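J.: model this:
(7 chains, ligands or ions: 5)
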Amino acid sequence: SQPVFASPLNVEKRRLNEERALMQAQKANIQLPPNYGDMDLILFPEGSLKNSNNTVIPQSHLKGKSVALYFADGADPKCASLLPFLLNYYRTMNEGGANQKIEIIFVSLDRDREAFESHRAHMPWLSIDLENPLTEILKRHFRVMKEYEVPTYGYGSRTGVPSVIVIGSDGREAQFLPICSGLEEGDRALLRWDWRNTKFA
Amino acid sequence: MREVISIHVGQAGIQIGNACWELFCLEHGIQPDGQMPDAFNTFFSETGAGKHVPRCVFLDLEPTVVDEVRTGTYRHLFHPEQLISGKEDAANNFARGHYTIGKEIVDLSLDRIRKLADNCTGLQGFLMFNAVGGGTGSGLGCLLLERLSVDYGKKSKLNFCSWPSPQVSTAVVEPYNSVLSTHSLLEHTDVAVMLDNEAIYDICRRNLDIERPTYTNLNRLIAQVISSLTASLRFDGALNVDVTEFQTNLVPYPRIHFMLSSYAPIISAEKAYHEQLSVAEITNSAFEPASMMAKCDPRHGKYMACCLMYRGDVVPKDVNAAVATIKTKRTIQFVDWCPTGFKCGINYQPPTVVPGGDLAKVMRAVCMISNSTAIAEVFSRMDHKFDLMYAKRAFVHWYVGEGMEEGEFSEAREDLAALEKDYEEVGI
Amino acid sequence: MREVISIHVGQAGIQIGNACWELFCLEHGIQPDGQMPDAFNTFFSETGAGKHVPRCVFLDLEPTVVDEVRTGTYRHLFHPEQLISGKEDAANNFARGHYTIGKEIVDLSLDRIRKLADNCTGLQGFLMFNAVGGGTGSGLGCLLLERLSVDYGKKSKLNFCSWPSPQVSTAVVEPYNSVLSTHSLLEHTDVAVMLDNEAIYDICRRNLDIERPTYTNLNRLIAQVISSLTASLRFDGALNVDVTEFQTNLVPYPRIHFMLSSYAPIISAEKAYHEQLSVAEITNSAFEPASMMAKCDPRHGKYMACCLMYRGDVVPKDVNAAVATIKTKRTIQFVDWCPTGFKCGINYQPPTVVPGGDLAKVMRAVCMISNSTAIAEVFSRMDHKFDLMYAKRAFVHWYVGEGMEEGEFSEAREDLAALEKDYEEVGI
Amino acid sequence: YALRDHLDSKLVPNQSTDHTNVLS
Amino acid sequence: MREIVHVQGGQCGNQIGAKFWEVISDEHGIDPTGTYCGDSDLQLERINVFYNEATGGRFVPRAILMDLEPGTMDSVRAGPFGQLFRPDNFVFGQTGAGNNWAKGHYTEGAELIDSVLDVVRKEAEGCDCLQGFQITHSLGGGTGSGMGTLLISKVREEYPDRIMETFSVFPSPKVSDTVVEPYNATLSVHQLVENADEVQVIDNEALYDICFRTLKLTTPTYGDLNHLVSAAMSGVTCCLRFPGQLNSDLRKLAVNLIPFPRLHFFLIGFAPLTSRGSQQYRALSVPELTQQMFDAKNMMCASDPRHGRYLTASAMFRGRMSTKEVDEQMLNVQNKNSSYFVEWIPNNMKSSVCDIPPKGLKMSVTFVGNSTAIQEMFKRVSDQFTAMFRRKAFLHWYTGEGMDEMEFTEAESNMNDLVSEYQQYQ
Amino acid sequence: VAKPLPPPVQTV
Amino acid sequence: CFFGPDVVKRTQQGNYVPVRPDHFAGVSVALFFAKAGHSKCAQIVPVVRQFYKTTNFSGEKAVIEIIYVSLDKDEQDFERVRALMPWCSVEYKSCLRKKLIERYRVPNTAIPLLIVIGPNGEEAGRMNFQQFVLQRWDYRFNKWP
Ligand SMILES: Nc1nc2c(ncn2[C@@H]2O[C@H](COP(=O)(O)OP(=O)(O)OP(=O)(O)O)[C@@H](O)[C@H]2O)c(=O)[nH]1
Ligand SMILES: Nc1nc2c(ncn2[C@@H]2O[C@H](COP(=O)(O)OP(=O)(O)OP(=O)(O)O)[C@@H](O)[C@H]2O)c(=O)[nH]1
Ligand SMILES: Nc1nc2c(ncn2[C@@H]2O[C@H](COP(=O)(O)OP(=O)(O)O)[C@@H](O)[C@H]2O)c(=O)[nH]1
Ligand SMILES: [Mg+2]
Ligand SMILES: [Mg+2]
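T.: Residues are numbered from 1 along each chain as shown, chains lettered A, B, ... in the order given. Ligands and ions are numbered 1, 2, ... in the order given. Please find the structure below.
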C-alpha cells in the first residue's frame, strides 16, 4: 500500500509474494490475503545500480546507508540549480565521519540516451540505466511525472522534476525532501535529511 | 474506566481534530480502519469484534471539510452519524451560529453525544476544539456549551479555542465573534487554553526552520499538546495529574481559567541531534517567553499556577532540580499567595512522532500550562479592536438583522471589562 | 415436530410470503430448487430425495401475482396447486371478496389446508398474511377465517394484517374494506398484529438512510419479524416461548387480541458495526416509538403485555437487566392489573442475514410484540373516514349490487365502536 | 513499565553495581 | 447544497455568461456534448452548485437565458459550449429593447416577466437549498439594465434571504456607444441599492486597459473581454465548489466586506495576468500575486483606488500555497501604505485559501475590495446625467413609454446620497 | 433471484 | 474452474499478466459493468476508484476486489479505459465477458452497474447508480473461504 497502490512495483510485489504464500499453503493455516508485514520484496534487480566506472552492484551493497532516489532532468533549470548544492551535501556528509552515511540512486527523465550520459557523467552516485523498465516503473511507482502524459489512477501528482526522496527498506516511503512541493525550499530543504533515522536494511 | 469526548466544531475544529486523531491512531497502534495488526478505551470504544470507533462528534455546518474526512483515508474510521455536517454556513457571524442556522443541528448533535455518554463507564472530560473568531466555531460553540452545561453539569470541560490574534487576522469581523463568545468562555466553561495562530508560526520559525508552514503543520503541534495533556489517562506512569486534578491545581479562583500553553521539545532532527535533551534545558525552553503559543510575554505578566506534563524517561529526581532553577530565575516571577504551586506529572511512553511530519524522534518532552495574569492583555487588544468598529455601529446591521438584539453587544463588552479588572485584582 | 401452516391471502400476502420464504429457505440451507447441499420440520416437508417443499398456501383472486411466482426462480419449490390463482379479482371490494365469486376458490383452498394438515403431526397454528385495505384480502379473508374456525376451532390463528395508513392510501375505498373486515379478525382470530405500511417506511428511512424504499424493502423487515416469531419453534436455546404460550401470556381478555410489533436491530453497514450493539440499547430502541411498525404511538394509553424474543448470543443475565431498565423509566407506563407482564424468549441462532437487502450481521436481536390500549387510535383514525364516507351514502352501490344488503355497514361500524369502549374500560 | 521504581538498593542498601600519568 | 443559478441578461450578459459556462465547464471537465472527461472525484463533488442533473447522465447549467431580441439568443446557441442550455431557459422576446430603460421596466419586457419568473421558479424551488442567485447584466443598454433589474426586484420579493451576486457592466468613462448611457445607468442604480446585495463593478474601458498593458493584446477581442471576467467568476465562487484550508462561501464574502447596508460596490480583479513575453521570466509566488492584485493597473474597474481608501478588502487565493505566506503579506501591505486603508476599522482585510488551483495555473488570487474610490465612477455617471436632464434631452421616449420626470430626479437624488455616504466614510 | 446460501454455522 | 484461463487480467505496466486462480480467498468480489464514452460511467468510475483505494488499502489484508466488465465497441477504447481502471479486468477477445453479461442481464441506461458475487459465482448484491449510495455494500459481507 506504501506509498500508493497504483504502482507497478506494488502490484507485482503482491502478485509474486502472494503467489508464494499460496504455494506454501498448497505445500502445507495461514491468513489470506497476507498482511503488510508479511509481504516482502527485493526492490532492485541484479542489473540495476551502477556506480562511476559503470560496475553493477547488488542490492545488499546498500546495507546500513540512508538511501534516496533522485529523479532529475539534464535540461531542467531546477535540476541545474540543484545539482551543485547536492554535490556539496554529498561531499560533506560522506567525507565528514568514519562511515558513508548517505547514498543516492539516480533516475533520469531525460529525452534520450545521449542526454542521459551527459547528465550522468557529472554525478558520482549510483543510478539506473534508462533502457531497462526499472526507470519508468520507479517514476510511475513514486508518481514523479514531469508533465501529465501517462494517465494516473486518481492520485494528484506530488512532485515532478527534480525530486530527491528517501527510501525505506521494503520499498516503502519514509519522507519527501521539500525542494519543489507545497513547502518549496529548493537548495535548503536538502539539509532536512534524516540520515540516521532512515536506514536501508 | 476512564474516557473523554471530543466535541470539535468549526473548520478549525475539524482540521485540528484531523491531526489530533491520526496521532491517536498511530500512538495506540490502530491502523486507519479499526484494528490492531488496554489503553485505547479512553478515546475509542470497542465494537466487541474488532473496530475501534473513536469518541469524536466532529461538527460543522457545511460539507466541505467534513466530506473530505468522509472520503479521505479515514473513511471507515469514524461513525458516520458522528460527522455531522449542516447545510449552510454561519459565515463568521455569531448571530447565525446562535439563532438563525441554529437549533436544527444542535439538537442532532446532542443525542449523538448523549449516546456517547451512555456508552461509557465513568466520564471525565469534554474537549472542545473551535475557533472563536469565526462563525460555527463561536455560535455553535456557544449553543452546544449552554446545552452541555445544563444537563452534563457534574463533569468538566476543556475549551482549547483559537483565540483571535493581534496582527495576523484572516478576517475583519473577527473582533465581534470572540467578544460575543466570551459567554462561552467565562461562566460556562472550566479550564481553557488560548492557542493562537501566528504564535505557533513563530515557534516553528525559530526552531523547526520551516519557511512556509500551512495549517497542517499547525494542527500537529496542537495535537502534540493535547496528546501529552491527556496522556496520563492513557498510559501508566509515575505521579499523575488528570483532568480533575487540572482544575484543582491550576484554577485559583472560580473565574480564572484562561491559560497559556508551551510544549518545548519542538526541534527538528538536525537541530536536536547536535544537542542533549535533558530535563534542565527543556524546562528553560518551556518557560521561555517565545515558545509559548499566545504572544503575551510573561515577563510583564505574573504566573499564578503552572502544571507541567513531562513525558518520556524523566525520573522525578531531576525534575525537582529543574524546577529548582526556575525559582532562581528572577525573570520568571510568581504571585505571592501561591508560593508552592508546581504540579508535575510524568508519563513513561515517549512521544510518538507523526511520519512525514516535522517533529523529530525525541525521548523526552514537557508541556506546560500556565495561569499568567498576562492573559488579561490577550483580552485587551481585542477590547481595543472591538471598540474601534462599534463606535459607529459598523457591521452590526448584519448582527441584528437575523435574530440577535442590539445590547447583547454592550453587556458582552462589559464582560470583558469585568474580566480585565478581575485579572488586575487577583495579582497586586 | 412442531410446525405451522402459513396462509397468504391477497396481493400483499403473496409478496410478503415471497420474501418470507426467501428468508426461510436461506435460514435452513435450502436452494431455490428445493434441495440441501429437525429444524426444517416447521416450515418444510421432506418429499423423498432431499426435497423440502414449503408448508404455505398462496391465495389471490387475480392471476397476476401468483402465476408471477409460477415463472420465477422459486417456480420449482412450491407445490403446483399450493399456488391457487383465481380468475377475476375482487377489486378493492369486500362484497366481491365475500359474497360473489368467492366460494369457488374457497372450497379448493381448504382442500389444500386439509391436505397440508394431513402431514401435520402436532400443528401449532395458522399464520394468515393479508391486507385489509384491498378486496381479496378483506372479503376472501373474512370467509376464509370464519370457515377455518368452523373446521379447526382450537388451533391458533396468528393474523398479520397490513392495516391502512392514516395518510398513505393507494386507493380511496379502504375505509369500507377494513371496517367490514373488522367483524372477521375480532371474533375469529387468536392473535392479530397490525403492520402499518407508512410506519415501516419510516423505519426504513430514519434508521437505514434509505429514502427510496420499494415494497420488497418493507417485505424483508416483515420476514425478519416472522422469522423471529418462529425461531424458537425450530432452533433451541435458553428460556423459550412457543405459540401456545404466546396467546396465553399476551392476551389478557379474549376480546382484546390486537397487537403491535417492532424489530430493532435495524441498520445497514454504514452504521451497524461502528455502533456498539448490545441488549441494553437494542431493547431501548425496540420500545422507542420511532421504531414501531404501526402508527400506534405508545405514549398514549397503557401497556398490557410485551413479549421480548431475542435471537443470538444473549445470556439470561443481561436480558433481566435490560427488562429492569424498562421498568425504571417513566415514559413506558404499564397498566395497574398486570405488574409482571414480560415474557422473554432467548434463542441461539443469530438473525439469518439476507444478501442484497439492507441488513447486517447483528449477532443479537429483539422482537417485540406488545399489547397496549393505544391500539384504539389505530381504529379512531379509521372511524371518521368511515363516517364521512357513509354520511351521504357513497361508494356503497358497488357493495350492494354484489350481495351485501344494506346494514352490514352499520353493524360493522358499531362493532368497531364497541371495540373502542372495550379498550376504554380495560384501562382506567 | 516499572522504570521509576528501579531497585537500585539491595535488601541491605549497599548501592547497586554501577587521566593519571606515571611519576615513578 | 449551495445552488447558484445564472440569470443571464442582456446582449452583454449572454456572451459574458457563455464564457462563464465555458470556463466553469472547463474547470469541472464537461464536454459540450454534456459528458465528463477529467477522471477525478474532486472535480465531480460540487457539480450541483451550477449543474442540475438530467436523464442519461447529462448535466445542464442552471442558467435562465433572457433577452428581448432573439439575435443574441441565436449566437449563444450556435457557438461552442452553447448547446448545453435548456431550450425553455431561452426566454426571449421578438421586439428588442432599444436601449430604453422604460422599454424594459414598464412595457414589453414586462409581459415576458411572467414567463421568466416561471423558469426561475422551476430551477430554484425543487432542491434542498440554494445559496444565492448569480446575475450578469449590462447597465447602459436596454435589456440588462431594463427588465434585467425588474427580475432582480421580483426575485428579491420571492426569496428575500438569498444573496444576489450581480456582475454588472457600468458605462465606460472614455468613450462608448449608446448615447443614452446616463439615462439607463442612474435609473438602474436606483434599485440596485435596496433590492440588492454585493453589486460589484466591471467596466469596458477598464478591462481594455488590462489587455493593453497588463496582457499586451495587440488585437483584443470581446471574447477576451468576457474571458477575464469569466476568470473572476471562478475566483469569487471557489470555496463553494472546491475544498480549502479556510473555506469561504459567497455569503461569507458579504458579511466581512459590507460595513453599512448600502455600501456594497466592489472592485473585482484577477491575478496573475502575465503576458507571453514575460511568461517564463517572472516568478509565481504570493508576494508577486499581491503586488499585482493591489496594482491599480490590474483592477477591472476604471476607478483608481489610490484616489480613495479601502474600507474593507478580501482575497480569494487558490493553490498549493502556505496559509502563513498569505497572512503576513496581508499584514505587510496593510502596514506600508496605511493611507489607503481606513482607521476606524482595524486590520481591513479577509483572506481565503482554496486548496484547488484554477485550471492551468499553479496559483491565482481574485480581489473583491470595497474601496471608497468608486465615486470617480459615480460622479462621472452624475455629471453627464446633469447635462442631459437639465436641458430635458431624449425624454419624450422615457415619459412617452410610461414614466414621469419625477422618477428621473429622485433617481438623481438617491444617487447623490450614495456619493455623499462614501465621502464621510473616507 | 437466487442468493448465496450462508456458510454453515459450525457447532460450538 | 469458473473463469478458467488467463482471461482474468491483472494490471501491470510494461507487460500484461493474468491474476492467479485462488487470488480471491478472503476477499469480497464485485463485478463492475461499464462502458466508455458513457456520461454516467465518467463519474461512477472515479467514485468507486477512490472507494477502492480507501477501503482496500487501509486494512493490511486486501478486503475488496473489483472485476471490470465492459460494453465497449472498440478494442483500443477498451485498452485506454482498462489503463484508466486500477482494478482487475477481463480480456476483450475473451467470451467469458459475454457469458457474464448474458447471465447477469446487463442491457446494451442500467449501465453502469455493480453486482457483488458469492464464492460459487451467483448474485449476492445488485447495485445500480441511476439518479452516497456506494457505501451500502460492505467488504465484510462476502468473506470467502
Ligand atoms: N489553529 C487553527 N486555526 C484555524 C484553522 N483554520 C482556520 N483557523 C482560524 O479560524 C478563524 C475563522 O474561523 P473558521 O474556522 O475559519 O470558520 P468556522 O469556525 O468554521 O466558522 P464559519 O465562519 O461559520 O465557517 C480564522 O481566523 C483562523 O484564524 C486551522 O486549521 N488551525
Ligand atoms: N407491506 C406491504 N403492503 C402491501 C404489499 N402489497 C400490497 N400491499 C397493501 O395492499 C394495499 C393494496 O390493496 P391489495 O392488498 O393489493 O388488494 P388485494 O387484497 O390484493 O385485493 P384486490 O384489490 O382484488 O387486488 C395497499 O394499501 C398496501 O398497503 C406489500 O408487498 N407489502
Ligand atoms: N464585454 C462585453 N460588453 C458588451 C457586449 N455587448 C455589449 N457590451 C457593452 O454593453 C453596453 C450596452 O450593451 P447593449 O448591447 O447596448 O445593451 P444590451 O443589449 O442589453 O446588452 C455597451 O456599451 C457595450 O460596450 C459583450 O458581448 N461583451
Ligand atoms: Mg464554519
Ligand atoms: Mg381485492
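
J.: what about residue E:367, which SS state?
T.: strand (DSSP: H, G, I helix; E, B strand; the rest coil).

J.: once you drop chain neighbours, what's closest to it?
T.: Distances taken as CB to CB, 6 or more residues apart in numbering or on different chains place residue E:269 nearest to residue E:367, at 4.0 Å, with adjacent residues excluded. For every residue, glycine as well, the C-beta is placed using N, CA and C.

J.: pretty sure the one you found is in a strand, no?
T.: Yes: assessed by three-state DSSP, residue E:269 belongs to a strand.

J.: my read: it touches residue E:300, true?
T.: Yes: counting by CB atoms under 8 Å, residue E:269 does reach residue E:300; the two are 5.5 Å apart.

J.: looking at these two, which is more packed in?
T.: Shown here are residue E:269 and residue E:300; by other CB atoms under 10 Å in any protein chain shown, residue E:269 has more neighbours (25 against 20).

J.: contacts only, for the more buried one.
T.: Shown in contact with residue E:269 (CB atoms under 8 Å, 6 or more residues apart in numbering or on different chains): E:232, E:293, E:298-300, E:366-367, E:369.

J.: ok, it to residue E:366 distance?
T.: Residue E:269 sits 7 Å away from residue E:366, going by CB to CB, to the nearest Å.

J.: mind listing the shared neighbours of those two?
T.: Common contacts of residue E:269 and residue E:366, defined by CB under 8 Å, 6+ apart, comprise E:232, E:293.

J.: any chance of the backbone angles for residue B:401?
T.: In terms of degrees, to the nearest 10, the main-chain angles of residue B:401 are phi -80, psi 10.

J.: surely residue A:166 is in a helix?
T.: No: counting by three-state DSSP, residue A:166 falls outside a helix, being strand.

J.: who's it bridged to?
T.: residue A:68, residue A:175 (DSSP bridges).

J.: do the same with residue E:270
T.: residue E:366.

J.: who's in contact with it?
T.: By CB under 8 Å, 6+ apart, the contact set of residue E:270 is E:228, E:231-232, E:235, E:293, E:298, E:300, E:364-367.

J.: ok, now which ones touch the most centrally placed residue in chain A?
T.: With distances taken as CA atoms, centre = their mean, residue A:69 lies nearest the centre of chain A, 3.4 Å away. With contact taken as CB under 8 Å, 6+ apart, residue A:69 is in contact with A:104-107, A:138, A:142, A:163-165, A:167.

J.: how does it look with 6 Å?
T.: The neighbours of residue A:69, taking CB atoms under 6 Å, 6 or more residues apart in numbering or on different chains as the test, are A:105, A:107, A:165, A:167.

J.: ditto for residue A:17
T.: Residues near residue A:17 by CB under 6 Å, 6+ apart: residue A:39.

J.: distance of the residue lying closest to residue G:3 once chain neighbours are set aside relative to residue G:76?
T.: Counting by CB to CB, 6+ apart, residue G:96 is the residue found nearest to residue G:3 once chain neighbours are left out, at 6.0 Å. Distance of residue G:96 to residue G:76, given as CB to CB: 21 Å.

J.: neighbour count for those two, which is higher?
T.: Remark: of residue G:96 and residue G:76, residue G:96 carries more neighbours, 16 against 9, as counted by other CB under 10 Å.

J.: for ligand 1, give me its nearest residue in chain E.
T.: residue E:246 (4.8 Å; CB to the nearest ligand atom).

J.: wait, residue E:341 sits on residue E:348?
T.: Yes: Residue E:341 is within contact range of residue E:348, at 4.5 Å (criterion: CB atoms under 6 Å).

J.: more neighbours: those two, which one.
T.: residue E:348 (23 against 20).

J.: and that one, what does it touch?
T.: Contacts of residue E:348 by CB under 6 Å, 6+ apart are E:310, E:312, E:341.

J.: recalculate using a threshold of 10 Å.
T.: By CB atoms under 10 Å, 6 or more residues apart in numbering or on different chains, the residues touching residue E:348 are B:169, B:172, E:309-314, E:330, E:334, E:338, E:340-342, E:369-370.

J.: enumerate the residues of chain E near ligand 1.
T.: Counting by CB under 6 Å from any ligand atom, chain E comes close to ligand 1 at residue E:246.

J.: where exactly do the helices run in chain E?
T.: Here chain E has its helices, by DSSP state H, at E:11-27, E:71-78, E:101-105, E:113-122, E:148-158, E:181-191, E:204-209, E:222-236, E:250-255, E:286-293, E:323-336, E:375-390, E:395-398, E:405-424.

J.: just the CA coordinates of the third one, formatted as CSV?
T.: Meaning helix E:101-105. The C-alpha coordinates for helix E:101-105 follow below in CSV (Å, rounded to 0.1, in the frame of the first residue of the first chain):
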residue,chain,number,x,y,z
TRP,E,101,-35.0,51.8,-19.7
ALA,E,102,-38.7,52.4,-19.8
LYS,E,103,-38.9,49.7,-22.5
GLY,E,104,-37.7,47.0,-20.1
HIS,E,105,-39.3,48.1,-16.9
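
J.: just checking, what packs against it?
T.: Here helix E:101-105 touches helix E:148-158, helix E:181-191, helix E:395-398, helix E:405-424, going by 3 or more CB pairs under 10 Å, 6 or more residues apart in numbering or on different chains; DSSP states H and E.

J.: quick one: distance of the last one to the chain centre.
T.: Centroid separation for helix E:405-424 versus its chain: 23 Å, with CA atoms, centre = their mean, to the nearest Å.

J.: ok, residues contacting that helix?
T.: Outside helix E:405-424, the residues touching it (CB under 10 Å, 6+ apart) are E:101-102, E:105-106, E:183, E:185-191, E:193-194, E:260, E:262-263, E:265, E:308-309, E:311, E:370-375, E:377-379, E:381-382, E:385-386, E:388-389, E:392, E:395, E:398-399.

J.: now with 7 Å?
T.: If you take CB atoms under 7 Å, 6 or more residues apart in numbering or on different chains as the criterion, helix E:405-424 is touched by E:186-187, E:189-190, E:193, E:262, E:372, E:375, E:378-379, E:382, E:385, E:389, E:395, E:399.

J.: count of residues packed around the closest residue to residue E:276 other than its chain neighbours?
T.: The shortest distance from residue E:276 to any non-neighbouring residue, by CB to CB, 6+ apart, is to residue E:216 (7.9 Å). Per other CB under 10 Å, the neighbour tally for residue E:216 reads 13.
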